[PDB]
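Starting off, we have a lone chain in the form deposited in one PDB entry, written out as structure tokens.
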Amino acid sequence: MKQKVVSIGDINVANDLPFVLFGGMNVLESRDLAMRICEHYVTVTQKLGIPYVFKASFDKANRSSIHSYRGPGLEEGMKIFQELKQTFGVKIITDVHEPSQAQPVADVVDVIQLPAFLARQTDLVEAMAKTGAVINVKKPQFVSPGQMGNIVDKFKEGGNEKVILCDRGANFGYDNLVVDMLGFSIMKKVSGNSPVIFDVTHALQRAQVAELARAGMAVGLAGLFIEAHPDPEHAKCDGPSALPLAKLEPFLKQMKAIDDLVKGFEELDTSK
């Protein structure tokens, strides 16, 4: 059984190929920081040899209050991305919330994301479908893996047939997530063997970011979705949990020994 391929340009996201790191940042604060975030990623990638797609949000349709920081704004948010793109030669990936945003962002970025809590929003799915530009489907914590097949279909149907599946863990009682390492496999099956990627930071809501990320990779995934910030201690707000940037290389070095060393195994069948 061969794997699907959803190339976002000169990049090839697949299950049997080397993992594609969709590294980046959470919210889109300012440039001096953003482009700085790219600086280390961009560097370590080439330096260690790893496909890379920066990631940043230009809006937070949700937080812990109304009089909060929305974000750069749909408009001012796209201007942001533009720059860095030409400044480094890498693709950008950002999540959309309202149907509209879809098309406008479909022209600036190379990978559009779909918010987990919106995973099953037809109006939007059918909407985001038009673009036909690579889509990453975040997997809700309250949805069984095998249910992923239908979400991939409702998309193909609308038009777009280039999708990715992102796992961020499952609900384990109240206020807790746990990653079913066995979801990935179950997730390939029903998804016409689409590319499956593990979102560690936003599976950890920590000196765990590592150990966890190791186990995911040793399963054989299309790639990783990660987030890092210069000082993970101060801007230590809520939502996901980010990596202590500086630790990019030593960490990503680990993944490579996994991704690579595992992506090259004589297919095993413990079935029979």
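Don't overthink the numbering: it's just position in the shown sequence, from 1. Only residues modelled in both forms are compared. Throughout, rigid core stands for the largest set of C-alpha atoms superposing within 1.5 Å between the two forms.
The following text describes the form deposited in another entry, which does not appear among the structures shown.
Comparing the forms between this form and the one not shown on their rigid core, the Cα displacement of residue 236 reaches 2 Å or more. Core-aligned CA deviation for residue 64 between this form and the one not shown: 2 Å or greater.
Cα of residue 53 to Cα of residue 233: at least 3 Å shorter in that other deposited form than in the shown structure.
After fitting on the rigid core, stretches of 3+ residues whose CA atoms all move by 2 angstroms or more between this form and the one not shown lie at 64 to 67, 233 to 240.
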